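This one is an experimental structure. Sequence first:
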Amino acid sequence: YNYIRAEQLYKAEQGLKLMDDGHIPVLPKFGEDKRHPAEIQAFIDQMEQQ
Amino acid sequence: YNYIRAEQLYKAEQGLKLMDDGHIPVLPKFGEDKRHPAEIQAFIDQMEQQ
Amino acid sequence: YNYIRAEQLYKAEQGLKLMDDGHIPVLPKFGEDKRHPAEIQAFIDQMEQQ
Amino acid sequence: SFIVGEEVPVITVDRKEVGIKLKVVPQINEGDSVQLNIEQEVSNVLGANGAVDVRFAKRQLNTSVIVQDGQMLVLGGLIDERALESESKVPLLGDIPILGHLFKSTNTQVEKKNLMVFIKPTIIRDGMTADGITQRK
Amino acid sequence: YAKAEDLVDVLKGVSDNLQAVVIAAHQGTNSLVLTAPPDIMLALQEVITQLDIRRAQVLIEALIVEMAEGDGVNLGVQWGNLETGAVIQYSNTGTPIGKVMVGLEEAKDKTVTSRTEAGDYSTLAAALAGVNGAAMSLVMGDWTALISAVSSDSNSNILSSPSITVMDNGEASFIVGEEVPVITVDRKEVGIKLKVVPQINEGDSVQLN
Amino acid sequence: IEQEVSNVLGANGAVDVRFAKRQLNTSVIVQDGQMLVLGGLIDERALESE
Amino acid sequence: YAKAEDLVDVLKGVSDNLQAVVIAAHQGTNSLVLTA
Amino acid sequence: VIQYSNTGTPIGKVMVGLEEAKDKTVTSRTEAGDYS
Amino acid sequence: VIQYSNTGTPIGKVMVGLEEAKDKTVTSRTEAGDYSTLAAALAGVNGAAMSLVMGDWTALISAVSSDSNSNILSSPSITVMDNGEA
């Protein structure tokens, strides 16, 4: 799992060529379950703050 | 559920592109069941007031 | 196994003709299981260092 | 059963229903804990690109779960993400950072699909309870 | 907490055997009706009370990670002189110089003596049609050198995860797919399927089939 | 109760005519003279494309 | 740790033979019911 | 050509199409080419 | 001819093709010959089929050093419970 994740994080360093680097599927850190995309996470807290 | 709702609320911040932002389906707050669209809710109270 | 590996390491000395020599599948050293491609391994440590 | 759909007929000619189906055998337990034996299908007759007859696009999820009275529980799911890059280039000329794009043809595609099915059993014992459930609706 | 339609099956063996007794399950109320001798009764009651525990339930989240990465380089230069049929052609490259030179001659304006006629590019289009890279022609005094190059660098990173929730020891299917029909006509489902018969063990160690 | 509204539509793709069927067959228990809600469906969709 | 649906099969031979007994496996709870 | 299949259209089809969509001359008549 | 089948193309097909690809004359009209026969000949030449045309003796020299190479390394693991089939 941790090997795939390494590969995929890589492909995030050299991101989806013409897209925003955020859309490239990446496994979460092993046993952390999903983390929301940043923009949405940023939105969610802003909502929480409000 | 709460993750989907986050996504969908997002898509409401950056709303249905050419429509009125209100039509974009959004899950209700978990265990709140549905809330009427605002316009209709606004209408209903007005009726109640009358 | 060790005979195939020899052949394949060879084909790495005289690498995939027009590609980067790194892409040519090579069996790992017998009972070492896989080693990540270098670039990714280089990336992973950098991440670790960070 | 519940099916809001269409019965498309399909060669074998049988007439298969293809819609939002939901076929629950809800069986209420002690502690107001409903134990549903659910078969839930959203499906959506698409074209038959290649195939003999029409290809139904079916997302069925048939399971047995055990839910509280009035709390939702998540039957099912699927979080697909895809990301296909492609770049054909004139090998080495498609390397140059500025002008590369003149010789390269890049094709990037990212599909992300979140299908969760939640289910919420509500127990209607007292008539008065039904009035509400129903009325509200 | 139990379906009685299924419990009556199990009590059939406890029932008759113990006597050496009619157990009947009334679907409606999920209540099975026992007509026992008093011991057999007190017995069936102690069996039903221990089979009638709540079932725990597993959220089977599968996590299919298909990550595919392809890199091709075709580079190959083809010389050709059709005046005097001299090719250095290669099949391995997109197009072979023959098709291309023939196509180029057909795409030229012919003359049948005086009329002129514009040649069909139908043969040149069938040649160049299949060139996925760069098939450039340095035409050097009637020796057409078609240089071909393509560095097809593909990449795929599919990460589909379907979870199903299921009651322990229940079977549960999940299919997010399409039923394509296929000659034999049967209609086979073809998608992300996941059909787990999760069976929870002591030590909270789920044993999935 | 077995309750079906259905409404023979075209057979776009299919051999014969596709019936558009909304059947809802259940067993409920209602008061004398109060209404009860057998069934339902609240679909919302929202497809953007650009 | 065992599927009882399959264990009842094996205990059929231990069961009758030993007596010379109804073993029944209740799928649901992966609990087999012995009446020995 | 430096054509690519991966993009909507490949320059070959397009250049051929553009030549066919041009007005040809069969000597003197003129003819308007099909944009088919 | 000194032809060989073993090589990509045989000089016969090639010389016939070359004559058909030449502009004929039916007396005065001129006509441009179809390269359909020459294309069927040269079509199948995977190497180098060069013609030193020496006063009407066409010497088609053919050479190809097809050096292929394949190195597939597919490893599938399955996890299975002992004595279970998987």
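Alright, I've got the coordinates. Numbers count the residues shown, from 1 in each chain, chains lettered A, B, ... in the order given.

What is the end-to-end distance of stretch E:157-166?
This stretch, stretch E:157-166, spans 29 Å end to end (Cα to Cα, to the nearest Å).

and that stretch, anywhere near chain A?
Yes - against chain A, stretch E:157-166 shows contacts by Cβ under 8 Å from any Cβ of the partner chain at E:157, E:158, E:159. Where you see a C-beta, it was placed from the backbone N, CA and C, and this is true even at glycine.

What are the buried residues along stretch D:123-137?
D:124, D:130 (16 or more other Cβ atoms under 10 Å in any protein chain shown).

Tell me which helix or strand comes right after the strand or helix carrying residue E:18.
Secondary structure assignment for residue E:18, by DSSP states H and E: helix E:4-19. Next along the chain after helix E:4-19, taking DSSP H and E as the criterion, comes strand E:22-26.

how much does the helix or strand that that next one is followed by deviate in direction from strand E:22-26?
As assigned by DSSP H and E, the chain's next helix or strand after strand E:22-26 is strand E:31-35. Inter-element angle recorded for strand E:31-35 and strand E:22-26: 160 degrees (by axes from the mean of the first three to the mean of the last three Cα atoms, to 10 degrees).

Who are the packing partners of strand E:31-35?
Helices and strands touching strand E:31-35, by 3 or more Cβ pairs under 8 Å, 6 or more residues apart in numbering or on different chains; DSSP states H and E, are helix E:4-19, strand E:22-26, helix E:38-51.

between that strand and helix E:38-51, how many degrees?
Taking the same axes, to 10 degrees, one finds strand E:31-35 and helix E:38-51 inclined to each other by 160 degrees.

who does strand E:31-35 pair up with?
As defined by DSSP bridges, the strand partners of strand E:31-35 come to strand E:22-26 (antiparallel).

Report the backbone C-alpha coordinates of the partner strand in PDB.
Only the C-alpha atoms of strand E:22-26 are listed here, as PDB (Å, rounded to 0.1, in the frame of the first residue of the first chain):
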ATOM      1  CA  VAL E  22     -43.800 -28.700  16.600                       C
ATOM      2  CA  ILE E  23     -41.900 -25.400  16.200                       C
ATOM      3  CA  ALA E  24     -43.600 -23.100  13.700                       C
ATOM      4  CA  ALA E  25     -42.500 -19.600  12.700                       C
ATOM      5  CA  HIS E  26     -45.200 -17.000  12.200                       C
END
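
what comes up buried for that strand?
Buried residues in strand E:22-26, counted by 16+ other Cβ under 10 Å: E:23, E:25.

For it, which outside residues touch it?
Contacts to strand E:22-26, defined as Cβ atoms under 8 Å, 6 or more residues apart in numbering or on different chains, come from residues E:4-8, E:11-12, E:15, E:31-36, E:44.

ok, 6 Å please
Strand E:22-26 has contacts (Cβ atoms under 6 Å, 6 or more residues apart in numbering or on different chains) with E:4, E:5, E:8, E:11, E:15, E:32, E:33, E:34, E:35.

just how off-centre is it within its chain?
Distance, stretch centre to chain centre, for strand E:22-26: 46 Å (Cα atoms, centre = their mean, to the nearest Å).

and the angle from that strand to helix E:4-19?
Using the same axes, to 10 degrees, strand E:22-26 lies at 170 degrees relative to helix E:4-19.

hey, which helix is longest across chain D?
Looking across chain D with DSSP state H, the single longest helix is helix D:127-136.

touching chain F at all, that helix?
Yes - using Cβ under 6 Å from any Cβ of the partner chain, helix D:127-136 reaches chain F at D:127, D:130, D:131, D:134.

List the strands paired with the longest strand along chain D, with their directions.
Using DSSP state E, we find that the single longest strand of chain D is strand D:33-43. According to DSSP bridges, strand D:33-43 forms sheet pairs with strand D:14-22 (antiparallel), strand D:27-29 (antiparallel), strand D:58-66 (antiparallel).

Just say which of these is most tucked in.
Highest mean neighbour count among those (mean count of other Cβ atoms under 10 Å in any protein chain shown): strand D:58-66, with a mean of 23.

Contacts only, for the spatially most central residue of chain A.
Chain A has residue A:37 as the residue nearest its centroid, 5.3 Å off, counting by Cα atoms, centre = their mean. Residue A:37 makes contact with residue A:22 under the criterion Cβ under 6 Å, 6+ apart.

Residue of chain E nearest chain C, please.
Chain C sits closest to residue E:73 of chain E, with a gap of 3.9 Å, by Cβ to the nearest Cβ.

Tell me how many other residues surround that residue.
Taking other Cβ atoms under 10 Å in any protein chain shown as the criterion, the count of residues near residue E:73 is 18.

Distance of the residue lying closest to it once chain neighbours are set aside relative to residue G:8?
Excluding the flanking residues, the one nearest residue E:73 by Cβ to Cβ, 6 or more residues apart in numbering or on different chains is residue C:18, at 3.9 Å. Distance, residue C:18 to residue G:8, by Cβ to Cβ, to the nearest Å: 64 Å.

Show me which residues of chain A sit near chain B.
Going by Cβ under 6 Å from any Cβ, the residues of chain A near chain B are A:40, A:43, A:44.

ok, the second one touching residue B:9?
Okay, so that is residue A:43. No - between residue A:43 and residue B:9 there is no contact under Cβ atoms under 6 Å: 7.6 Å.

The most far-flung residue of chain E relative to its centre - nearest residue in space that isn't next to it in sequence?
Most distant from the centre of chain E: residue E:114, at 62.6 Å, with distances by Cα atoms, centre = their mean. Distances taken as Cβ to Cβ, 6+ apart place residue H:27 nearest to residue E:114, at 7.0 Å, with adjacent residues excluded.

if we can go back for a sec, can you tell me which of the helices and strands packed on strand E:31-35 is packed in deepest?
helix E:4-19 (a mean of 19).

what sits up against it?
For helix E:4-19, using Cβ under 6 Å, 6+ apart, the contacting residues are E:21, E:23, E:25, E:27, E:30, E:32, E:40, E:43-44, E:47, G:22, G:24, G:26, G:33, G:35.

Repeat that for stretch D:33-48.
Contact partners of stretch D:33-48, identified using Cβ under 6 Å, 6+ apart, comprise D:8, D:18, D:20-29, D:54-62, D:64-68, D:117, D:121.

List the buried residues for it?
Quick answer for stretch D:33-48 (16+ other Cβ under 10 Å): D:33-43, D:45, D:48.

from the residues of stretch E:157-166 next to chain A, which is closest to chain G?
Nearest member of the residues of stretch E:157-166 next to chain A to chain G, counting by Cβ to the nearest Cβ, is residue E:159, at 32.0 Å.

Can you tell me the SS state at the closest one?
strand (DSSP: H, G, I helix; E, B strand; the rest coil).

any idea how far residue E:115 is from the residue nearest to residue E:114?
6 Å.

go on, residue D:133?
From residue D:133 across to residue E:115, the span is 86 Å (Cβ to Cβ).

again with residue D:55
For residue D:55, the distance to residue E:115 - Cβ to Cβ - is 54 Å.

Please identify which of those two sits among more neighbours.
When residue D:55 and residue E:115 are compared for neighbours, residue D:55 comes out ahead with 23 against 12, by other Cβ under 10 Å.

doesn't residue E:178 make contact with the more buried one?
Yes - in terms of Cβ under 6 Å, residue D:55 counts as a neighbour of residue E:178; the distance is 4.8 Å.

Spell out which residues are contacts of both of those two.
When Cβ under 6 Å, 6+ apart defines a contact, no residue borders residue D:55 and residue E:178 alike.
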